[PDB]
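Shown here: entry.tsv, TSV, C-alpha atoms.
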```tsv
chain	number	residue	atom	x	y	z
Q	1	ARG	CA	-13.15	-33.46	12.12
Q	2	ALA	CA	-14.33	-29.84	12.15
Q	3	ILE	CA	-10.73	-28.65	11.97
Q	4	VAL	CA	-10.13	-30.82	8.91
Q	5	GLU	CA	-13.28	-29.51	7.23
Q	6	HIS	CA	-12.15	-25.97	7.98
Q	7	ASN	CA	-8.75	-26.54	6.41
Q	8	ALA	CA	-10.35	-28.06	3.31
Q	9	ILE	CA	-12.52	-24.96	3.06
Q	10	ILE	CA	-9.51	-22.67	3.39
Q	11	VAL	CA	-7.80	-24.56	0.59
Q	12	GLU	CA	-10.79	-24.15	-1.70
Q	13	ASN	CA	-11.11	-20.48	-0.72
Q	14	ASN	CA	-7.48	-19.72	-1.52
Q	15	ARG	CA	-7.69	-21.59	-4.82
Q	16	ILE	CA	-10.68	-19.44	-5.75
Q	17	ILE	CA	-8.94	-16.25	-4.63
Q	18	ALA	CA	-5.82	-17.09	-6.63
Q	19	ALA	CA	-8.06	-17.60	-9.67
Q	20	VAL	CA	-9.86	-14.31	-9.16
Q	21	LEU	CA	-6.52	-12.56	-8.69
Q	22	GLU	CA	-5.36	-13.93	-12.03
Q	23	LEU	CA	-8.59	-12.66	-13.57
Q	24	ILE	CA	-8.04	-9.22	-12.03
Q	25	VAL	CA	-4.43	-9.00	-13.18
Q	26	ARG	CA	-5.44	-10.01	-16.69
Q	27	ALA	CA	-8.48	-7.71	-16.74
Q	28	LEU	CA	-6.38	-4.71	-15.68
Q	29	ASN	CA	-3.60	-5.58	-18.16
Q	30	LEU	CA	-0.90	-5.27	-15.51
Q	31	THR	CA	2.70	-5.79	-16.59
Q	32	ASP	CA	4.50	-4.98	-13.34
Q	33	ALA	CA	7.29	-7.51	-12.89
Q	34	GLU	CA	6.58	-7.56	-9.16
Q	35	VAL	CA	2.99	-8.66	-9.64
Q	36	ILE	CA	3.96	-11.35	-12.14
Q	37	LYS	CA	6.54	-12.72	-9.72
Q	38	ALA	CA	4.02	-12.58	-6.89
Q	39	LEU	CA	1.56	-14.57	-8.99
Q	40	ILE	CA	4.24	-17.18	-9.66
Q	41	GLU	CA	4.96	-17.43	-5.94
Q	42	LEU	CA	1.23	-17.76	-5.32
Q	43	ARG	CA	0.89	-20.61	-7.80
Q	44	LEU	CA	3.78	-22.46	-6.17
Q	45	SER	CA	2.37	-21.91	-2.70
Q	46	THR	CA	-1.02	-23.19	-3.80
Q	47	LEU	CA	0.66	-26.37	-5.01
Q	48	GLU	CA	2.37	-26.75	-1.65
Q	49	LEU	CA	-0.90	-26.03	0.15
Q	50	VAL	CA	-2.85	-28.63	-1.80
Q	51	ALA	CA	-0.23	-31.31	-1.22
Q	52	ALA	CA	-0.07	-30.48	2.48
Q	53	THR	CA	-3.85	-30.60	2.67
Q	54	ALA	CA	-3.95	-34.07	1.16
Q	55	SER	CA	-1.31	-35.18	3.64
Q	56	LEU	CA	-3.32	-33.76	6.53
Q	57	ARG	CA	-6.48	-35.53	5.40
Q	58	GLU	CA	-4.65	-38.84	5.16
Q	59	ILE	CA	-3.12	-38.37	8.61
Q	60	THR	CA	-6.52	-37.55	10.09
Q	61	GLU	CA	-8.03	-40.67	8.55
Q	62	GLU	CA	-5.19	-42.78	9.94
Q	63	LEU	CA	-5.72	-41.24	13.38
Q	64	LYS	CA	-9.45	-41.97	13.20
Q	65	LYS	CA	-8.84	-45.61	12.25
Q	66	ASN	CA	-6.20	-46.19	14.97
Q	67	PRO	CA	-6.50	-43.44	17.60
Q	68	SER	CA	-3.61	-43.23	20.07
Q	69	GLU	CA	-1.55	-40.72	22.02
Q	70	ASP	CA	1.33	-40.96	19.55
Q	71	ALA	CA	-0.94	-40.74	16.53
Q	72	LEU	CA	-2.78	-37.82	18.12
Q	73	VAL	CA	0.41	-35.87	18.78
Q	74	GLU	CA	1.62	-36.59	15.24
Q	75	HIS	CA	-1.72	-35.34	13.93
Q	76	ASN	CA	-1.47	-32.16	16.00
Q	77	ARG	CA	2.01	-31.58	14.59
Q	78	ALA	CA	0.66	-32.11	11.08
Q	79	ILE	CA	-1.93	-29.44	11.87
Q	80	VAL	CA	0.68	-26.97	13.08
Q	81	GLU	CA	2.70	-27.47	9.89
Q	82	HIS	CA	-0.46	-27.10	7.82
Q	83	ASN	CA	-1.39	-23.85	9.54
Q	84	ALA	CA	2.12	-22.53	8.90
Q	85	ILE	CA	1.64	-23.32	5.21
Q	86	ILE	CA	-1.74	-21.57	5.18
Q	87	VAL	CA	-0.14	-18.53	6.81
Q	88	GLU	CA	2.51	-18.41	4.08
Q	89	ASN	CA	-0.15	-18.75	1.37
Q	90	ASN	CA	-2.13	-15.90	2.91
Q	91	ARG	CA	1.02	-13.80	3.09
Q	92	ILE	CA	1.54	-14.24	-0.64
Q	93	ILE	CA	-2.10	-13.46	-1.40
Q	94	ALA	CA	-1.79	-10.31	0.69
Q	95	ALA	CA	1.33	-9.30	-1.22
Q	96	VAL	CA	-0.49	-9.73	-4.52
Q	97	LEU	CA	-3.42	-7.64	-3.35
Q	98	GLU	CA	-1.04	-4.96	-2.09
Q	99	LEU	CA	0.57	-4.79	-5.53
Q	100	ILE	CA	-2.81	-4.61	-7.28
Q	101	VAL	CA	-4.20	-1.91	-4.99
Q	102	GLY	CA	-1.00	0.13	-4.76
W	1	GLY	CA	36.45	7.37	39.91
W	2	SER	CA	35.84	6.21	36.35
W	3	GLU	CA	38.62	3.64	36.68
W	4	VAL	CA	36.34	1.32	38.64
W	5	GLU	CA	32.96	2.26	37.17
W	6	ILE	CA	34.27	1.32	33.73
W	7	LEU	CA	35.70	-1.96	35.03
W	8	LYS	CA	32.25	-2.75	36.38
W	9	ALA	CA	30.67	-1.90	33.03
W	10	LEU	CA	33.05	-4.38	31.40
W	11	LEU	CA	32.10	-7.01	33.96
W	12	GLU	CA	28.45	-6.32	33.17
W	13	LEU	CA	29.07	-6.83	29.47
W	14	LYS	CA	30.78	-10.14	30.24
W	15	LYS	CA	27.85	-11.32	32.35
W	16	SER	CA	25.13	-10.21	29.97
W	17	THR	CA	27.02	-11.95	27.17
W	18	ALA	CA	27.18	-15.18	29.16
W	19	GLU	CA	23.48	-14.81	29.90
W	20	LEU	CA	22.71	-14.33	26.21
W	21	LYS	CA	24.66	-17.43	25.28
W	22	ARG	CA	22.87	-19.52	27.91
W	23	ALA	CA	19.43	-18.12	27.08
W	24	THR	CA	20.06	-18.97	23.45
W	25	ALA	CA	21.12	-22.49	24.39
W	26	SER	CA	17.88	-23.02	26.25
W	27	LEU	CA	15.93	-21.47	23.36
W	28	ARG	CA	17.23	-24.22	21.11
W	29	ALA	CA	17.05	-27.03	23.64
W	30	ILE	CA	13.41	-26.06	24.08
W	31	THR	CA	12.57	-26.09	20.38
W	32	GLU	CA	14.24	-29.49	19.81
W	33	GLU	CA	12.92	-31.23	22.91
W	34	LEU	CA	9.42	-29.84	22.95
W	35	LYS	CA	8.66	-30.43	19.27
W	36	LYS	CA	9.05	-34.12	20.14
W	37	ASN	CA	5.76	-33.97	22.09
W	38	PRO	CA	3.73	-30.75	21.74
W	39	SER	CA	1.28	-32.01	24.40
W	40	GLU	CA	3.72	-30.79	27.08
W	41	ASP	CA	2.22	-27.33	26.73
W	42	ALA	CA	3.14	-25.85	30.10
W	43	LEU	CA	6.83	-26.70	29.70
W	44	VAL	CA	7.19	-25.22	26.22
W	45	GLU	CA	5.15	-22.11	26.97
W	46	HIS	CA	6.96	-21.42	30.23
W	47	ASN	CA	10.37	-21.87	28.68
W	48	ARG	CA	9.49	-19.64	25.73
W	49	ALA	CA	8.40	-16.91	28.11
W	50	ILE	CA	11.68	-17.38	29.97
W	51	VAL	CA	13.63	-16.96	26.73
W	52	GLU	CA	11.80	-13.78	25.76
W	53	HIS	CA	12.35	-12.32	29.22
W	54	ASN	CA	16.06	-13.02	29.05
W	55	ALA	CA	16.36	-11.57	25.55
W	56	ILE	CA	14.75	-8.36	26.77
W	57	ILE	CA	17.02	-8.22	29.82
W	58	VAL	CA	20.11	-8.64	27.62
W	59	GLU	CA	18.99	-5.84	25.32
W	60	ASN	CA	18.30	-3.57	28.28
W	61	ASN	CA	21.72	-4.27	29.77
W	62	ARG	CA	23.31	-3.31	26.47
W	63	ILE	CA	21.42	0.00	26.34
W	64	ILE	CA	22.12	0.81	29.99
W	65	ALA	CA	25.83	0.21	29.50
W	66	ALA	CA	25.73	2.38	26.37
W	67	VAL	CA	24.30	5.31	28.37
W	68	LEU	CA	26.56	4.85	31.35
W	69	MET	CA	29.56	4.95	29.03
W	70	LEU	CA	28.53	8.51	28.19
W	71	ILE	CA	28.40	9.40	31.85
W	72	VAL	CA	31.79	7.72	32.34
W	73	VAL	CA	33.37	9.67	29.49
W	74	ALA	CA	32.09	12.90	31.00
W	75	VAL	CA	33.54	11.84	34.38
W	76	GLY	CA	36.97	11.00	32.94
W	77	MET	CA	37.58	14.66	32.02
W	78	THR	CA	37.48	15.81	35.66
W	79	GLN	CA	41.20	16.62	35.81
W	80	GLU	CA	41.21	18.37	32.43
W	81	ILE	CA	38.31	20.53	33.53
W	82	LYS	CA	39.89	21.23	36.90
W	83	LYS	CA	43.05	22.47	35.21
W	84	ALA	CA	41.06	24.57	32.74
W	85	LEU	CA	39.23	26.13	35.68
W	86	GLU	CA	42.44	26.86	37.54
W	87	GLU	CA	43.65	28.71	34.46
W	88	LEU	CA	40.36	30.57	34.12
W	89	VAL	CA	40.46	31.61	37.78
W	90	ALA	CA	44.02	32.88	37.49
W	91	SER	CA	43.03	34.78	34.34
W	92	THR	CA	40.01	36.34	36.06
W	93	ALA	CA	42.16	37.47	38.98
W	94	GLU	CA	44.73	38.97	36.60
W	95	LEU	CA	41.99	40.76	34.70
W	96	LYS	CA	40.75	42.21	37.99
W	97	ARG	CA	44.23	43.45	38.84
W	98	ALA	CA	44.55	45.07	35.42
W	99	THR	CA	41.15	46.72	35.83
W	100	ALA	CA	42.01	48.14	39.25
W	101	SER	CA	45.32	49.40	37.88
W	102	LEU	CA	43.56	51.05	34.95
W	103	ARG	CA	41.03	52.70	37.26
W	104	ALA	CA	43.81	54.12	39.42
W	105	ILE	CA	45.61	55.33	36.31
W	106	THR	CA	42.44	57.00	35.04
W	107	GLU	CA	42.06	58.87	38.32
W	108	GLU	CA	45.72	59.91	38.31
W	109	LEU	CA	45.60	60.97	34.65
W	110	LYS	CA	42.50	63.09	35.11
W	111	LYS	CA	43.73	64.65	38.36
W	112	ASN	CA	47.26	65.29	37.01
W	113	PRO	CA	47.34	64.87	33.21
W	114	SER	CA	51.09	64.31	32.91
W	115	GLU	CA	52.37	62.80	29.67
W	116	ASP	CA	53.73	59.92	31.74
W	117	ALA	CA	50.17	59.19	32.83
W	118	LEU	CA	49.07	58.93	29.19
W	119	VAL	CA	51.92	56.51	28.55
W	120	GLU	CA	50.83	54.47	31.56
W	121	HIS	CA	47.27	54.51	30.22
W	122	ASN	CA	48.31	53.01	26.91
```

If you took the structure in this file and wrote it as structure tokens, what would it be?
Amino acid sequence: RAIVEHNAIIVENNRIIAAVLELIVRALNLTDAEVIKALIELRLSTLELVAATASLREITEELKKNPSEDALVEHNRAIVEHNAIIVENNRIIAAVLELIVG
Amino acid sequence: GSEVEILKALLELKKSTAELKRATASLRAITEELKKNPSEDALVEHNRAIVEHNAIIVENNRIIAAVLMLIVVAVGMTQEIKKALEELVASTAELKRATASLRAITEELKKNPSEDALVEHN
């Protein structure tokens, strides 16, 4: 349960960061094609992250209702895939910050 | 000399290649079989360590062979160097003979400065 709450928090945190990044890019009037592309990639990765998060929550609820060894291993796999998605989303956020700072 | 050392280096390349192919095959068998049940943690972690160890060994064998080929190429010139040395030794001995002859001529020319001695000097 704590892991699921943590992932929900990460998703909200990255949504907020993507929004603040858009505010920064607009406030600084940046036109660099690389930052615009990075923002597009970020938006797409946040869509993937939200959908994966919803899938993880549903899987966790199904595990809770009918706990089993097979359901538990499927849930753990869902978590590994979710963490991989979070890592990709953080990579994109890092790329955007690198472009803003540098 | 180098005729056998190089044959052994080729055998090494053959064996490290076969090792690489087999290590890769287990790399993949591991990914496909272990993702089926991630709870078998010891098996997947041990086999991944095995794969990394083999990959490192293969890379090291490649580098070692690359260095030994430089030693082998230096070795393969043994006969060319030996012949160059034989020529250099013969040249040194001839230079010594010419020097001794010139010294004797110098002494003869100074002691008895005949025109023939000047011709011999030149």

What are the centre and edge lengths in Å, to one decimal, of the axis-aligned box around all listed atoms of range 45-62 of chain W with 8 Å added on each side, as AutoDock Vina command-line options?
```
--center_x 14.2 --center_y -12.7 --center_z 27.8 --size_x 34.2 --size_y 34.8 --size_z 20.9
```

Task: Contact set, chain Q to chain W: 10 Å, only C-alpha atoms, as a VMD selection string - done: chain Q and resid 69 to 70 72 to 74 76 to 77 80

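Here CA of residue 62 in chain W stands at a distance of 27.2 Å from CA of residue 44 in chain W.
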
Task: range 81-90 of chain Q environment, 6 Å, only C-alpha atoms, sequence neighbours closer than 3 positions dropped, as number ranges by chain - done: Q: 45, 78, 93

C-alpha atoms of the current selection, written as a short mmCIF file (atom, residue, chain, number, x, y, z; two decimals), keeping the file's coordinate frame:
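Everything below was put into part_15.cif:
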```
data_model
loop_
_atom_site.label_atom_id
_atom_site.label_comp_id
_atom_site.auth_asym_id
_atom_site.auth_seq_id
_atom_site.Cartn_x
_atom_site.Cartn_y
_atom_site.Cartn_z
CA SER Q 45 2.37 -21.91 -2.70
CA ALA Q 78 0.66 -32.11 11.08
CA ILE Q 93 -2.10 -13.46 -1.40
#
```

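Pairwise distance (CA of residue 12 in chain Q, CA of residue 44 in chain Q) equals 15.3 Å.
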
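Coordinates place CA of residue 106 in chain W at a distance of 9.4 Å from CA of residue 120 in chain W.
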
- [ ] Quick one: everything within 10 Å of range 9-11 of chain W, counting all atoms listed in the file, minus sequence neighbours fewer than 4 positions away in the same chain. Send it as JSON, numbers by chain.
- [x] {"W": [4, 5, 15, 16, 17, 61, 62, 64, 65, 66, 68, 69, 72]}

TODO: Up to 10 Å from (-10.2, -31.0, 3.7) in the file's coordinates: name the residues, counting all atoms listed in the file, as an MDAnalysis selection string.
DONE: chainID Q and resid 1:12 50 53:58 60

- [ ] Can you pull out every residue within 9 Å of residue 34 in chain Q, counting all atoms listed in the file, but drop anything in the same chain fewer than 5 positions away, and send it as a list in words?
- [x] residues 39, 96 and 99 of chain Q
